[PDB]
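Structural features, examined
This is what each chain is made of:
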Number of protein chains: 2
Amino acid sequence: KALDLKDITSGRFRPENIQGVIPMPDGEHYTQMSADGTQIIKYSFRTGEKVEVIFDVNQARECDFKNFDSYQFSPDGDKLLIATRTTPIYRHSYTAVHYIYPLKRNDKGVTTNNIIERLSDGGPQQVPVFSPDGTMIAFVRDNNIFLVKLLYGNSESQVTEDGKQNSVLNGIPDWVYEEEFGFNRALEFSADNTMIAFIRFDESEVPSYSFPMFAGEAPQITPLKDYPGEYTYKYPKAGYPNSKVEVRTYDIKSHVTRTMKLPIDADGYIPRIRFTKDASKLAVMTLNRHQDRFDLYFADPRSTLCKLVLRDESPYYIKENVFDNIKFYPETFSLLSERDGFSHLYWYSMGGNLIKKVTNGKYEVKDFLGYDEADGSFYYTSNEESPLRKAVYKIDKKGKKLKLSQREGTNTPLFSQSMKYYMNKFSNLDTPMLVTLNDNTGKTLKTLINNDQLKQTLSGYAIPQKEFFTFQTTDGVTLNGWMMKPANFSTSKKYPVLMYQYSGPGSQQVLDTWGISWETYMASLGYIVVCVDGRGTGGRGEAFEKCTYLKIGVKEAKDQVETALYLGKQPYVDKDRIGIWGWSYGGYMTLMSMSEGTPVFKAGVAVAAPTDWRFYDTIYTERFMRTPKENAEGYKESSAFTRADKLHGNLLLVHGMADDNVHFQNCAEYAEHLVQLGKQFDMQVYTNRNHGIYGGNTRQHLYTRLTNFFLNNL
Amino acid sequence: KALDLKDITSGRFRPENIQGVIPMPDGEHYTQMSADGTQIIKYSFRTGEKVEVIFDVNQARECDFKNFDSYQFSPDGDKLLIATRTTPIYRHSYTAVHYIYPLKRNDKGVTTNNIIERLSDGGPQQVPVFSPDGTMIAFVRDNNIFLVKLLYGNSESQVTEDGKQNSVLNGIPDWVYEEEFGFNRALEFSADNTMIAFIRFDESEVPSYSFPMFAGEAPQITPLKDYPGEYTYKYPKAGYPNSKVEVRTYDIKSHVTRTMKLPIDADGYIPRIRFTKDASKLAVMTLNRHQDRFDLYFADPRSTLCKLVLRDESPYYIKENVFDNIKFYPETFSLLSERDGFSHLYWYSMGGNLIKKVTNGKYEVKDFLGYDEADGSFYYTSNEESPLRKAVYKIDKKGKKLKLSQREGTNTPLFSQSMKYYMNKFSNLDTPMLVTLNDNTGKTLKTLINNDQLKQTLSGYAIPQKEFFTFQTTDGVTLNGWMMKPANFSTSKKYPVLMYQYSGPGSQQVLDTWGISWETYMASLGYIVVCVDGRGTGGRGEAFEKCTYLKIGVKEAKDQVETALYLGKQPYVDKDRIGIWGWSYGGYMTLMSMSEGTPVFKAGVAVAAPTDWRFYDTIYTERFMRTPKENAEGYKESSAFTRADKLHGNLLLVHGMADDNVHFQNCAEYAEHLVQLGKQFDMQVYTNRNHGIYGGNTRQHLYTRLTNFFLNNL
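Residues numbered from 1 in each chain as written, not as in the entry; some residues may be left out. Chains lettered and ligands numbered in written order. Heavy atoms only, no water.

Determination of this PDB entry was carried out by X-ray crystallography to a resolution of 1.9180 Å, according to the record.

Given below as structure tokens:
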């Protein structure tokens, strides 16, 4: 009956789902890994029926591994590439030991008894990728590119030889490009399988950063039991130099390497490369350092000449999410753009001329899912119903729009290769997770998962319920929030309040989707829990998000104060027992809101918080703030240091000491500022932990610490 | 009339004293620094009369400094060496800019109007020392020895050329020798002024240790404002290799350097060198790695031959106090030895034969003050009155003992060169500093300082008072303690208790001497404050101190638990509100005591605490524990990690992150062990702070944090 935090932290209430869903090249089937990671099994998109087991570690020949982590198909589906021993590096990068598995059917009529072969005889590999004809795989290892020719006995050749850790990266981004342009690979085959292209990152002049590593626990780093070690990598802080970047091509036949003569500012960016359907056209996406001029080039991989295809210019900045929504077709390509104030889908000719604006209106297109070359329909997700929701839509060749989603909430689709079917994952405030198979019209073909068991289990517990609300700030802005109330709620009682937020640019926490979290636990203890997405958050167009430009944090903190004030006007909240907390930008926002000047907060917890933007990285910080050289006044007003003497309420600072994202420096420097100001506060510092602060009992310990801090300090 | 924490942390109640007292060669006078640091003044030991100002910042010619830090007298009485700009390195090492001040008299007979001279035209100097005839000064800079010849234009020469930071040190000890053998100089002139002797430390193969540095404040390390830095030095942890050491001599006339052919274990120590009165005999003190075999050699600085003079072995270990109580006379020398279970004074001939044991009884000799060659009398300090006290004693040639000190408490003497007078600094629980001049029967000749003004100031405040008590443990051990009750105290009421201790081997906190501390402040807030010296503390003989040998912490923690249990039996103590705290070893003991298994503590604070002895340095740790591989089961039973699952009560961990003594690693590794056990605790980590955790507002912030933590956790 009573909600138990350990059940929350252990994932007891995580809804059933399907992991490792990979659509097959035929457009009719998908595959999924079995629960134990022993098998890859093929299922029908049209019916959900199991077709056959495609791969099985207990049937494959020469298979030394017990489990695998992930897999991908070759483009024609005749082979699998299977990843084992996946070892994360940063958020998106990792190494793994990959294996090639052919799917030819055997004497007995099964595909499961074939010989598995190593991708490489050397060490683990990064970002392997098939050629369009499936005859080659390129991968990166020790910052160099390698090429394996599957029709040549898996013969391996070395494409680059100047890769050097902390100096030169070939085919993979450095830390800041990876985190802030959100990708792990800059390595492409041309459409006729004759050229490789890659970005070469010269980070030799980027500043290095190092932090200590101890032995710790979960995992214990046993070589460090007596003397600590360290982790060193290149990380440019705001205004410092970024990697020098070049686009290079490798002629597979002739072994010749060339550099594309790309017009680009000396301090500009290349967020992505992508070969088109035209073997002579490599797309190169570029940004200026202000990140407000997105210039798309077509490079000839042999002549090295580049032509400007289009420029998308923002009055503020271009956002990273546009880059992976550019999909190339014969004769056309897609683009997401906020040029009219809202994220919308645009359809261009391969000559760079706009063919049509596919979507319009005061809502945001979230994902471009694809163009059906058969009938000319476009598929995409959008929040047209409401900033809180997401639905699947289709627009036919004549401009007719159809909402495919059957239920209102959060619909996440996964389309078949042919766009004929898709798997839908649906959630809302009281629907944990419904997984369905659907046709092109959105009609439900089969319910795979309804999580009735979880629903039954949860029925025996007293679970506080989320509800949405809106309110108007004193200057007339309407904000979306949710409120979770304790059991036996009464408007004649007086409740303490915990505010949760994240508040970062373009982000949203107030969404019609299901979850049980530490906030639910606090509500079960008798707290009213509230989350409001203030100004600067996403879902509501460019004007709402980018009104923070060049002076972030300030308006967001005002809107959190406004939220506390609105709550204080309610007869059932105790105005003196309002707490606030958050993680990452939400931790920074805890600091900014508690030192805003309006003394509304009794207590707060800041987890892994940036405290001065000069400590954070170039691409993210400068996107919103430009450089400290150009915007000293903005950095001043956005710093938590500047307003620290106005800190009001009992503060707990939490940080992982091995945080490669928001450096522990942020906490150490800010703590010392508070010491010299004479402010008293609490700390919890986690050994060897990164931005996610997890491992072993860490998460349970942390949320118990947060629980007790608010119990004691509210 | 309430005590104010700021007055305590600002040192408002520091008693008046006398700085830089040096006895002059005539045996009749001493010099001292003026209280403002602008003058050096000669006084009479017999009368206290001010004889003359010897040096005056405002009278010297070409004197560019306004104050100075310290000074030394040339043995020939013709010069001062004055130190300015003293810049600490570790506990005892420092640089300073030194000046030679001639003491010639002018036409008006005074010494105050001479032209001051620089010791060196180069950079700041370390540990300058005069030759016996006063014509030469040797000093250390950049790990090399330099020689200044005052007879020949202050001509400077370079004695060693191989000194190199973190590799080779000439004439000064490495980190662990300085900290744990308690000295800063290994540099000596022979009795006839012809030879220099020094220890050369080769720490090239000692492991490096590094910790981060941030910008911080007070001081701000400005180059680290955007990117942190680091501090690196050599620090051998328990069982790791120590410096390779040898004794070298330098022939001042011929410039020949020789190495003494000293038999020493390959892993042994040379804690001191000291030239005797015989120009051909250099005393070299050596230990084995177990530190239980003290071998005294006489080295011939020209022939390099060494002869073993004396071997003193302990069943446990030899203590640092012996080294600087070896004083050399023509034909004799002194030694303190615990061979009979108590530190006693032994008298040897220069041939190495024991002449006699001078002192005896069940008490400890603390300082050997000197031998009066005129009448054969010995002067020393001891705790014969009580482990709590220290008095000055005299034993004549016949063996009659006389106690010189007039008052019972803590008597610290400084004798004239003839041993005919001494200056006495006296304190007890009710007496801040009382400074007198005395003759060698102990008779008070003059009271120089009695601190009536401080007494007056304190009379206007409600000051809790210490009083001594004893109690017997359940095992029958009688322990000494003090107890400070609020000035409100009544046997009617029940009080919370704060226990303070240090508890480290041979230390004592329960002493008949005056102080006002944070403990005084807590008592003034209504806590009963108690301190007990458990087993393993000093002052009670070798059996009582060294019963912890090879398994430290364990018995000390039992005695703190016994202390809490005794207090819990008292009718005026609330046994549910007993807390404990300490710093350094006292922080380690807080951890050990709160996890002893008997749940007697409600809260505790561990400041800068060692947590596993394998993290701490060679000389200290191995003195009590030997190495980890020799004593694996002792290191396990002494580790705070082993018993952490029994931690009971609310704990606050405090640590400076730049602690070069007890590494922050101790706290980070122990915090993580607690996280995985699921124990809740608070933290306060101070950026850029060392073992003393101070700087700007730091101490006031830290003791405010300690105060509130106990107030809130009771």
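Now that the structure is up, let's keep going.
1. Looking at the overall build of chain A
Assigned secondary structure in chain A consists of 11 helices and 43 strands. In terms of C-alpha radius of gyration, chain A reaches 26 Å, essentially the compact-globule figure of 27 Å for 714 residues. Overall, the C-alpha framework of chain A stretches about 75 × 65 × 55 Å when taken along its three principal axes. Taking all 714 residues of chain A together, the buried fraction comes to 62%. Accessible surface, chain A as shown: approximately 27,400 Å² in total, 47% of it carbon and sulfur. Computing the positive centroid from 84 side-chain charges and the negative centroid from 86, chain A places the two 4 Å apart. (Helix = DSSP H or I, 4+ residues; strand = E, 2+ residues; numbered from the N terminus. Rg over C-alpha atoms; globule rule 2.2 N^0.38 Å. Buried < 20%, exposed > 50% of the residue type's maximum accessible area, 1.4 Å probe, protein only. Areas by Shrake-Rupley, 256 points an atom, 1.4 Å probe, with all protein chains shown as cover. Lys, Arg positive; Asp, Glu negative; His and termini not counted. Charge placed at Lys NZ, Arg CZ, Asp CG, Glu CD.)

2. Points about the interface of chain A and chain B
Facing the 48 residues of chain A at the interface are 49 residues of chain B. Here chain A packs against chain B, burying approximately 4,000 Å² in sum over the two surfaces, 51% of which is carbon and sulfur. Looking only at chain A, the three residues that lose the most surface to chain B are A:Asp226, A:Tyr227 and A:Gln680, adding up to 18% of its buried area. For the pair chain A and chain B, the interface holds 6 salt bridges. The closest approach of N and O atoms between A:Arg705 and B:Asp682, which form a salt bridge, is 3.3 Å. The set of elements that each furnish at least two residues to the side of chain A that touches chain B consists of strand 16 (208-213), helix 10 (665-677), strand 43 (682-686) and helix 11 (698-713) of chain A. With 7 residues, the single largest contributor to the side of chain A that touches chain B is helix 10 of chain A. Residues belonging to the side of chain A that touches chain B are distributed by class as follows: 21 nonpolar, 16 polar and 11 charged. (Contact = heavy atoms within 4.5 Å. Buried area = accessible area lost by both parts, 1.4 Å probe. Salt bridge = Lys/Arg side-chain N within 4 Å of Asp/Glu carboxyl O. Nonpolar A, V, L, I, M, F, W, Y, C, P; charged D, E, K, R; others polar.)

3. Comments concerning the pairing of strand 23 (residues 306-313) of chain B
All names here are of chain B. Of the pairings in the sheet, the one linking strand 22 (residues 293-299) to strand 23 comprises 7 bridges and is antiparallel in character. Within strand 23, the residue paired with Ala299 across the bridge is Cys306. Between strand 22 and strand 23, which follow one another and run antiparallel, lie 6 residues, and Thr304 among them has a positive phi close to 75°. (Pairing = 2+ DSSP bridges.)

4. Considering the environment of B:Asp576
Note on placement: B:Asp576 falls in strand 39 (residues 573-583). By relative accessible area, B:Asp576 is classed as exposed at 56%.

5. Notes on the nonpolar core
Core analysis: the largest hydrophobic core is formed by 331 residues, its most contacted members being A:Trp581 and B:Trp581. A per-element tally of this core places helix 10 (residues 664-677) of chain B first, with 7 residues. (Core = buried A, V, L, I, M, F, W, Y, C linked by side-chain atoms within 4.5 Å.)

6. Examining the relation of the copies chain A and chain B
The transformation that overlays chain A on chain B combines an axial shift of 0.0 Å with a rotation of 177°, and the residual RMSD is 0.6 Å. Both copies of the chain, as the preceding transformation shows, are related through a two-fold rotation axis. Within chain A, the C-alpha atom positioned nearest to the axis of rotation is that of A:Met683, 2.5 Å from it. Here 100% of the interface residues in chain A have copies in chain B that are interface residues too; the copies meet face to matching face. (Least-squares fit on C-alpha atoms.)

7. Concerning the sheet that holds strand 8 (residues 117-118) of chain A
All names here are of chain A. Taken in spatial order, the 4 strands line up as 5-6-7-8 in an open sheet, and their pairing is antiparallel. Whereas interior strands pair on both sides, the edge strands pair on one side only; in this sheet they are strand 5 (70-73) and strand 8. Both strand 5 and strand 6 (residues 79-88) contribute to a ladder of 4 bridges, which runs antiparallel. In the sheet register, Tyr71 faces strand 6, and the bridge partner there is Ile82.

8. Focus on the packing of aromatic side chains
Centre-to-centre distance and the angle between the planes together describe a pair of aromatic rings. Counted according to the given criterion, the structure contains 129 aromatic pairs over all chains. Between A:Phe641 and A:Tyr670, the ring centres sit 5.5 Å apart and the planes meet at 85°, which makes this aromatic pair edge-to-face. Residue A:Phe641 is located in the loop between helix 9 (632-638) and strand 42 (650-656), and its partner A:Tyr670 is located in helix 10; the two are separated by 29 residues in the primary sequence. Ring plane angle 80° and centroid distance 5.7 Å describe the contact between B:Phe181 and B:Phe323, whose orientation is recorded as edge-to-face. Here the residue B:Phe181 occupies a position in the loop between helix 2 (175-180) and strand 14 (187-189), and B:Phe323 occupies one in the loop between strand 23 and strand 24 (332-337), the gap between them amounting to 142 residues. Judged by relative accessible area, which is 1%, B:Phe181 ranks as buried. For B:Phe323, a relative accessible area of 1% puts it in the buried group. The cationic tip of B:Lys546 hangs over the ring face of B:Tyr317; the distance from NZ or CZ to the ring centre is 4.5 Å. (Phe/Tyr/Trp six-rings, centres within 6.5 Å; stacked < 30°, edge-to-face > 60°. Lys NZ or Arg CZ within 6 Å of the ring centre and 35° of its normal.)

9. Things to note about the pattern of salt bridges
Opposite charge on two side chains allows them to pair when their charged atoms are near. Taken as a whole and assessed by the stated rule, the structure comprises 75 salt bridges over all chains. A:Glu52 is the salt-bridge partner of A:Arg105, the closest N and O atoms lying 2.8 Å from each other. Placement of the pair is A:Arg105 in the loop between strand 7 (94-102) and strand 8 and A:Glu52 in strand 4 (residues 50-56), with a sequence separation of 53 residues. For A:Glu52, a relative accessible area of 17% gives the class buried. Taken together, the shared-partner salt bridges connect A:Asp682, A:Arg705, B:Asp682 and B:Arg705 into one network.

10. Some points on the pairing of strand 3 (residues 39-44) of chain B
Both faces of the sheet carry side chains from a regular strand, because those side chains alternate between them. All names here are of chain B. Counted residue by residue, strand 3 has 5 buried out of 6 residues, so it is predominantly covered. As defined by bridge partners, strand 2 (residues 29-33) adjoins strand 3 across 5 bridges and the pair is classed as antiparallel. Counterpart to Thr31 in the pairing with strand 3 is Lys42. From the end of strand 2 to the start of strand 3, which pair antiparallel, there are 5 residues, and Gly37 there has a positive phi angle of about 70°. With 5 bridges joining them, strand 3 and strand 4 (residues 50-56) adopt antiparallel strand pairing. Across the sheet, the residue bridging to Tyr43 is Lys50, located in strand 4. Hairpin connection of strand 3 to strand 4: 5 residues between the antiparallel strands, including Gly48 at a positive phi of 75°.

11. Describing helix 8 (residues 618-625) of chain A
All names here are of chain A. Most of helix 8 sits inside the fold, with 8 of its 8 residues counted as buried. Against the buried residues of helix 8 lie helix 2 (175-181), strand 20 (269-275), helix 7 (585-594) and helix 9. Between the side-chain oxygen of the N-cap and the backbone nitrogen of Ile619 there are 3.4 Å, and the N-cap of helix 8 in question is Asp617. Two residues or fewer after helix 8 comes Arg626, characterised by a positive phi angle close to 55°. (Polar contact = N/O pair within 3.5 Å; in protein donor to acceptor, adjacent residues only side chain to side chain.)

12. A closer look at the domain arrangement of chain A
Residues and elements named next belong to chain A. In terms of domains, chain A is made up of domain 1 (1-462) and domain 2 (463-714). If you look at the interface, domain 1 gives 68 residues, while domain 2 gives 61 residues. Summed over both sides, the interface between domain 1 and domain 2 buries roughly 5,400 Å², with carbon and sulfur atoms accounting for 57% of that surface. On the domain 1 side of the interface with domain 2, the three residues burying the most area are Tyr317, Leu388 and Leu429, jointly 15% of the side's total. Inspection of the region where domain 1 meets domain 2 yields 4 salt bridges. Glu338 serves as the salt-bridge partner of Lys546, at 2.9 Å between the closest nitrogen and oxygen. Linking domain 1 to domain 2 there are 39 residue pairs in polar contact. (Domains from an automatic or database assignment.)

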